[PDB]
Structure formats: C-alpha cells, structure tokens
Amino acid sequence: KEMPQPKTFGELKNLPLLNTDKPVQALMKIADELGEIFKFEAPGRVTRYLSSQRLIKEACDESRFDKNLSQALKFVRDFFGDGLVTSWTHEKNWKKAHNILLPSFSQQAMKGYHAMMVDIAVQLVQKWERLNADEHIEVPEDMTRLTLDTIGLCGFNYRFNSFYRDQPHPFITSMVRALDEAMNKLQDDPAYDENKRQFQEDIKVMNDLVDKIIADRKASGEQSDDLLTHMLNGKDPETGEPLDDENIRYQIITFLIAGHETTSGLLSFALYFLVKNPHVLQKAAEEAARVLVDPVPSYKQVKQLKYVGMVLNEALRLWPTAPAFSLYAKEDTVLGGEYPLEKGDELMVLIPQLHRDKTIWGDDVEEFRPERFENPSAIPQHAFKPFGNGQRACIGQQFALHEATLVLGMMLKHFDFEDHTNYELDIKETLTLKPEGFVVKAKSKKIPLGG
C-alpha cells in the first residue's frame, strides 16, 4: 500500500539523483532497489515509475490512462510544436494529423519505400566494402548516416548525402547544439552574446532545411507520393481539411528526428549484441546468406528474415531506444489493487526494466537470446512495449523495423565482423540511447552488389 520513494534532499526532493548524464540508467538502478513502483518527486512535481508487467498492463488501459506530456515532452514542444509526438490526445491537431499521416506508414506505403531504403542501404555496404585493411567502422555514426538519409529520401525525397560527409549533416549538429543551448539557457550576460547566436544560426539552419524541403516539392514536376505528399495535400477524413502551414512545419521537423535517431540506436545495439554473442551472429548470418539470394534485397525477401527480426526485438528488449513514455490518470483509480491514484497523476513506464521482469522472461533476462521471440503468442500482453501503447503508439514502427531488418540482413550477408577492441558497453543518453564509441572491423565476404 505504502509507496516506496528514494532519497530526499530537502527542497530539491529527488532530483540530484538525476544529476547525471545517464538518468535512465540511474532510474533503472533505483528500480532494482525499490521494485516495481516508486514515487519520484521534484519541486512541484510527482512521478510514479512503473517497472513490472503486472502494473504496466493496467497503465496501458486507455479507458483509465491517457498519454501524458511529461516535462521532457513539454520542454521539446518549443521545437516540435503540436506535431504528432508532442500533442495531447484530445488536441485537435493530434487526431487530424494522425488521420492524415496514417496511410503513409501502412504495409503498402512500405512497399513503395523499399527501393529508396535499398538505395541508402547499398551506400552503407559500399562504404564498408571500400575501407582499407585495418581501418575500422564507427558503428552508431554510420548507422545515423543511414537512418537520417533514409527518412530524408523516403519521407521527403531530400538527399542528406550523409555518406558524402566526414562529419554529421549540419542539420543534425545545429539541432543537437540548439537543444542543449535551450537546456543551459534555463540557468543575460556579456559572454552569452556568442551563445544566443549559435542559437539563432542553428534555428536558421533548420528553418532553411524545412523551407527547402517544401520548396523543392512545390517546384518539382513530381512523380511523388510519400510522407511529404500527404502532409501538404492529405485531407482529414473527419473535417475534410488539410493540415495548416504551421503544423506541417512541426510535422516535418518531428519526422526528420523521430524517423532516424531511435532506429540508429537499434541497429547499433543489435550489432553490439551480435558481436558479443558469436553463436547468434553465425545463426543470423546463415539466414541472411540463405534468404538474400539477389544482388539487392526485395521487399518479400526482407519479410522472410525471421531470425534477423528476432535479433532486432531482443535488442529492443534489452535496450529500447525510446526507453520511457508517460501516462496520466483520467480519473481517480487504484493501481494494482494497492496504490490509489488521483485524477491527473503521472505514471512513467520504464521500458528497460519492464523488459527485465523475471516473472515474464525468466531468470536469464540479461542474456541475449533472440529465440525468446520464436512464438509471439507466448509473449504476454503488454510485456514488450518498445513502441509505446494504444492509439499513441509509434506510427513509424513498421518503417523502423523494415529498414533495420533490410540493413542488418545486408550487413550480415556481406561482412564478417570483429570486435577488435573488445568494446566495453557505454550507453550515451540523448533523446535516444546508443552504444557510444562502439567500433568494429568488417572483413568483406566479396559478394557483389546490384544496380
């Protein structure tokens, strides 16, 4: 009945516990100590972190709890506006944008996206084919090159050309530097006149890209029917109106970021686990060689990479790259027959801890075993939630998994991988998670590509 709560620092409640670069991992340690639920207090705010499937399945009941804009989400709303990720479920532009953009992520749009995904995937493979002996691969860096280019090309017919650059595309660098400048600005001096600029030019770099993506499309003798097409011309089935110009800008920035960061972390973590578990890599590589018999993979061939998809879900089990989502109680209710909640109370689903629930997965929760996912009907409801919940679940789930399956399959078909530094897992936390510094050597199997 009584709610566990970690340690207090007087007025600053529990916050100094998150005075760290890895707050999610710190919150996971707190969950290990206190268990399935614990209150976390901050000046003027209370959050309850859930970690067990028993409680989280109640939280995922949309008749009792709806998606909450956490403080983090309310903060980044300055950048993402009332786009799909940062709007309330009862905000009119959420339902309207959901209705308009849902057809862009169907298992029919994916068929039309496939060739452009292959385009960027081939560029990745060719980069690694062209490395000299004893040169190595910066894995999350190259996965980000891939996922950024893929969402840019598939969604907006815009080429970031990340494999033509030595460092991240200026749009990425400007946003990363703009987000932290907004973080530090919360804490009017002469020496900040340089900061308020790096800011202004960063805002301009991103407004210029959004302007160009829209202008390129309007000037195009267009054979285009992609995500941007529906943003600009899709009519709402309810109201019959398209999205307004301001919301469209927010959706473009929303999908550019959401469309690549979490998928890059997934591919990075999957390759990390494969090189740390050579028996699983050998098994996945055998499926890639068996299934991908053509110079470029086809849509149907990717859908037959069954074990690769299991490798991906097991990487999402251990390190779901969007590791938490927030809910609020629609009315007074009792959670799990033990914990009374008031209307408006916030719940935070700690996905990595949920995915380590021994009562669901057994004692070996830390082992990388993709065979856990051989029979999806053996996985209880709400035990596996890497893509959120309900009507506010990830609209891009199928996009991410198709891209990641295609790419990982092509990686396994064309290269043997060596953990040449004996890499020690270091998880950097930004908007997503990724294994920082993860490097490998890839020896080419010398299998031709197509074109």
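Numbers for residues come from their place in the sequence shown, where the first is 1.
- Unmodelled residues of the deposited sequence between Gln223 and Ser224: none, the chain being continuous.
- Averaged over Cα atoms, the B-factor as recorded in the entry is higher for 211-219 than for the other of 325-333 and 211-219.
- When 113-121 is weighed against 292-300, 292-300 comes out higher, by mean CA B-factor as recorded in the entry.
- Set against one another, the Cα B-factors of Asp236, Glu287, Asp189, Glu314 in the record reach their highest point at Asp189.
- The entry lists C-alpha B-factors for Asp345, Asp82, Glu261, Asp166, and the highest of these is at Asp166.
- For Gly35, the recorded CA B-factor ranks within the middle third of the chain. Only modelled residues enter the ranking.
- Ranked by C-alpha B-factor against the other modelled residues of its chain, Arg45 falls in the highest third.
- Sorting the modelled residues of the chain by their CA temperature factor places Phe65 in the lowest third.
- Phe399: CA B factor in the lowest third of modelled residues in this chain (values from the PDB entry).
- The entry lists a Cα temperature factor for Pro170 that places it in the highest third of the chain's modelled residues.
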